[PDB]
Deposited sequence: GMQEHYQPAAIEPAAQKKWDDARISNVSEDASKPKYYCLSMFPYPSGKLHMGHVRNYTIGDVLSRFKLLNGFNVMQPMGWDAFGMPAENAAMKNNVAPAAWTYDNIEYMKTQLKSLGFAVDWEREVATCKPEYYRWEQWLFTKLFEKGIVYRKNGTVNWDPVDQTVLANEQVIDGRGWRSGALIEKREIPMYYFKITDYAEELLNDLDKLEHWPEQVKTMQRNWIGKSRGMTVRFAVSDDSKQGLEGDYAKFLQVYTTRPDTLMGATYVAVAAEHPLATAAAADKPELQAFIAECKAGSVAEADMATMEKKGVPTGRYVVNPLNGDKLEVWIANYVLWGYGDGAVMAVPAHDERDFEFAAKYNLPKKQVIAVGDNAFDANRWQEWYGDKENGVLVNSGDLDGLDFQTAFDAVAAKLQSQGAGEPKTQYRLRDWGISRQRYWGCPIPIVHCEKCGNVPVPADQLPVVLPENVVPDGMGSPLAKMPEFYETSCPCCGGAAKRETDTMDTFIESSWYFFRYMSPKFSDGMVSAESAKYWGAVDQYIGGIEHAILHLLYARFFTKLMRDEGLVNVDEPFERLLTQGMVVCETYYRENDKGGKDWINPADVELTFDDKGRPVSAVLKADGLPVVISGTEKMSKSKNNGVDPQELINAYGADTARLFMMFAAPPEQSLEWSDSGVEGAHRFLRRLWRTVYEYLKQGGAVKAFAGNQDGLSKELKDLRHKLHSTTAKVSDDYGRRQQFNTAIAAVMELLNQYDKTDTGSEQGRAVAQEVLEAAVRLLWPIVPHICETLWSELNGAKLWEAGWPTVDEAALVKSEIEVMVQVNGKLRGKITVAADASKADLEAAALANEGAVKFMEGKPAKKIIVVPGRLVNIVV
C-alpha cells in the first residue's frame, strides 16, 4: 500500500472495478427492492458547472447509501438537449445546433464519469434524438384528438429587427434585449395544453406529498391559485349606456373573493380591453393613451405586483345591487383581460391594494369589517383590515354581526333571488402554451391542409424529424424558410399541405423523461408496461429551487395525462423532493477608463487584497454572489478535479453546507477536504503498517476495557447518526463531522493490544463504508486493503445495540448510568436527598 494519498492513481481503477462489476447497470429484477433516485438532468451547455457537481454528488450519496442497504438502485442520467443556447451558439460560431450539442454531451459525459457517479449509462437518453421526441409528438397527437391539446390565437411580442418572437422577460421598456427595437404585439395561432381541466387534480394531489418541502407545495398552490368567490353584477346607470351593446349595456359583471364586503365597494375597476373602457374612451383622448399604454405593456407575472398601479376615471357609473350606491368605473392597469370578467370591484378598507390605490387618488374607503375592539384608521393600512377568520360585519345594513362564511352565504342568497350574482370558483392558472417560434426544438406533428384543416400526423409516420443540417442565421427561424421541410402531402386527403413550423416548448421533454429512463430503447410506446409497473415512481428527486413551480407542475401534469392514457399507474411522479441551494463565489474587478467595471475570473487572480496573475496589477475584491458569466465569477469544476481529484470535489460540496443552503466557494475549504482525505489514508496505512488486517471485533463486548468499550460506543453511535443523516435528515455535512469525531476518538484510544486491533479494524471497516457514498474511490481502495470481501456486499454498517449499553454505576443498591433520581429514590426506599452515583439520603 502506497504511503501517500494520490487520487489519480486510485480513481480510474476504482471506476473500472465498479464498471466491470456493472453495479450501476440495473434491470427489472423482482428479487430486489427497487430504488429510483433521480437528479434533474442538465442542458448540454458545454461543460460542467459547480452547481452540476453539487446536484449530482447529492444524488450519488443517496443512491450509494441505498445500494449499500441492498436496494436495486437506478440512477439514470441524460441530456435536456433542445433549446436556445445551441441556437445562440450556432449563430455565433457558424455551426449546427445539433453538432454543437452532441459535442457538449460527449464532453460533459466524460466529466460526469470522471466524478464516479454510480450511474446507469445504459439508460442514457438525449432529448434531441428522434427516438426520444417521437413519443411526445405521439402523445401530442392523441391529446390533440381528445381536445386536451387545442389551437387558438394568442398574442406575442415580435421584434422586427431580430425577426423572432420574444418572451416578456426579454422586453425592457417595450424593446427587445439584443436589438433595442420596439417590439410589436401580434396575434398568431398557437397550440395549448388544456391544463386548467386538471387544476383541481393538480392542486388536491399536492396534499399527498408528505415528503416534499412545504415551500414547494405552497408555491404550487399559489400558482394554481384556486379561489371560492362570487360573480356579482352591477347594473349600468342609465346615463352611462352610450356606446355599449348587449349585456355590456345592461350590467358590469365582476368576480370577487370577498362578497362579505360588497357593502364596502366604493368604486369598480375595469381592464383596458373592456367594452366600458372602450365606450368611455370614445371621446376622451386621455383614456385612449391610457388604454394604449396598458396594451403596450409586457409584464410577466413574476413582476406584475412590483408594477405601480395606475388608473383613470371613465365618467361612467354602475349600481351596487346590495345598497343601490352609484360607483364610478375606473380603467386600471392591474385588471387583466382574460382573468375572470376583466373587471373587479374595489373595497379600499379591506384590500391592501385597493387601499393604496384609493390612497393615491383620494377615493373613498368604507369600513365594513370589525375585528374585536381594534381601531380603524382610514389613512393607515393595518394587517387586521384584511382578516376573514376573526371579523364581523359593520355598516352593512342587515348583514351586520355576521362572520365571513355566514355573510358569504347571505350575500349569495340576496344576489341570487335578485338575479344579480351567484357563487363561482376561479383559478389563476392559465392554459399552457407550447408553440415556440424557434428551430432547435421538437417539431409539432400537425399538417395544415386547406381541405382537411389542422391534421395530426399519423402514428405510423412519427417522428416528424427535425433536420439537423441547419445553421440559424438570425433573420427568422429557419423552419419557416425551408420548403424542403414544410412542403408535404396531407395525410388525410393526399393533397398539397404544409407542416407546422413552430416547435414545442422545451419544458415538454423534461415533463416525461423520468418515465423514459425506465425503458429508453422501447420502440412501441413512451414507456414499457413491464418497466413502469416495476419501477413505479421516482423515490427521490434532487434539483434546484428554480424549478419548484413550472417544471414540477408540468411533470405532475404529464404524469396524470400519461396515467389517464393507460401508460403508467402512479398519480404522482416524485415521492421525495430535495431542493439544492445556489453556488456563490467572490467577484473581482478593475475600473474602466469609461467609468465602469471589468469583471475578472477568480482563477486568473491571486490573493495576497489581491492582484492579477498576469499584469500583476491589483484587482478590487467585491461582493459574493451566484456563479455566472455576468460578473465572470464561475469557478470551473474541471480544474478543481484536475488539481485535487474527484473525491476532494465531492467531499467539499457535501461538507461546506447542507444541500438547501448556498455553498460558498472556498479555497481553504477545498484544502480542508483534501487534508481530511489525506488523514483518512494515513490512518488506515499506519494501522496496517503495524500489524496488518485482522478480523473485526464482533459479539459480546464483556471483558473489553473501558477505553475500547468507549470507542465501540462512539462507533455504533456514529453509525446510527450517519444513517439517520443519510436516510432521514439528508444533511451530509453533519454525517461527515460525525465520522471525523469517530476518528478523533480512535486517535486518542490505545488500540495496540489484540482486542485493541480487533476494535480498530471494526472502527476502520465501518468508517470507510460510512464515507463510501460521499467519497467512494478512496473508500473502495482502503476497504480492499482492510478486507477482501466486496464492499457493496458487506453492506451498510449495522448498529450494535449492546455497544450502546452503559454500565452498572444503611443500604446500597444498583442502578444503570441512564436511570434518574425519580426511581433512584424509589429503589432506595425498598425528603430523600438522592446522591446520584454514591448514596441516598433517607431523612
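Stretches of the deposited sequence lacking C-alpha coordinates, numbered from 1: 1, 610-617, 819-828, 850-863, 877.
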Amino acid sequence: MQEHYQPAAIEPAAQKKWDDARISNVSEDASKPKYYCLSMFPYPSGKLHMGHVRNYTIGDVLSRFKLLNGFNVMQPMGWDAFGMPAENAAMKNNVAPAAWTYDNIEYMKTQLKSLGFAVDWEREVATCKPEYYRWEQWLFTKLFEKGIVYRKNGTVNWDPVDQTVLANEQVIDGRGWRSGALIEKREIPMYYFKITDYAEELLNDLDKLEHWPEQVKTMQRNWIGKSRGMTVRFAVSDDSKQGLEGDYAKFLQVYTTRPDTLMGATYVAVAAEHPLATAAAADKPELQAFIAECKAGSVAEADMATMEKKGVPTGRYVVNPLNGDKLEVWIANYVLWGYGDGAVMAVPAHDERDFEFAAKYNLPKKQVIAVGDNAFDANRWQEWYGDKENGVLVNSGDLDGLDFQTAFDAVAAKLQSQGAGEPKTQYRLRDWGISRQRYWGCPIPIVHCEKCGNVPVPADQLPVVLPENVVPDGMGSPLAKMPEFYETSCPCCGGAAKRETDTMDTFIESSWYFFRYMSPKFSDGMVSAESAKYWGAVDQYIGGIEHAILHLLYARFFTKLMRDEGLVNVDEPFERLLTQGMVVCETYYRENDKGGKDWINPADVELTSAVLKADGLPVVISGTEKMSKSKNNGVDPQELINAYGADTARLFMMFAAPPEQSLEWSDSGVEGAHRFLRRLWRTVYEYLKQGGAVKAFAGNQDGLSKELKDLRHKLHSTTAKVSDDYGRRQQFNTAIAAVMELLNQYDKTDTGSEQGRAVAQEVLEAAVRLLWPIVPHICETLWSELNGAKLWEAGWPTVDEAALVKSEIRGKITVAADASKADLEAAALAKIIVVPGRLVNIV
From here on, numbers count along this sequence of modelled residues.
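Between two forms, the rigid core is the largest collection of C-alphas that superpose within 1.5 Å.
Of the two stretches examined, 616-624 and 678-686, the one with higher mean CA deviation in 8 other deposited structures of this protein after a rigid core fit is 616-624.
The rigid core fit leaves 307-315 as the farther-lying stretch in 8 other deposited structures of this protein, judged by Cα positions and set against 307-315 and 435-443. Among other compared entries that model residues flanking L804, every one gives it coordinates, keeping it clear of the one-third cutoff. In at least a third of the other PDB entries of this protein that model the residues around it, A819 has no coordinates. On average the C-alpha atoms of 277-285 have higher B-factors than those of the other stretch, with 277-285 and 437-445 being the two compared. Averaged over CA atoms, B-factors in the entry run higher in 23-31 than in the other of 45-53 and 23-31. Reading the B-factor column for the CA atoms of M230, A89, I148, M526 in the entry, the top value corresponds to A89. Per the deposited record, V605 carries the highest C-alpha B-factor of all listed residues (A199, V605, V464, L206). In the deposited entry, the Cα temperature factor of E122 sits in the middle third of values across the chain's modelled residues. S39 sits in the lowest third of its chain by CA B factor, as recorded in the PDB entry.
Per the PDB record, residue ranking by Cα B-factor puts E468 in the middle third of the chain. Sorting the modelled residues of the chain by their CA temperature factor places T141 in the lowest third. Residue-level temperature factors show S63 in the lowest third of its chain, judged at the C-alpha atom.
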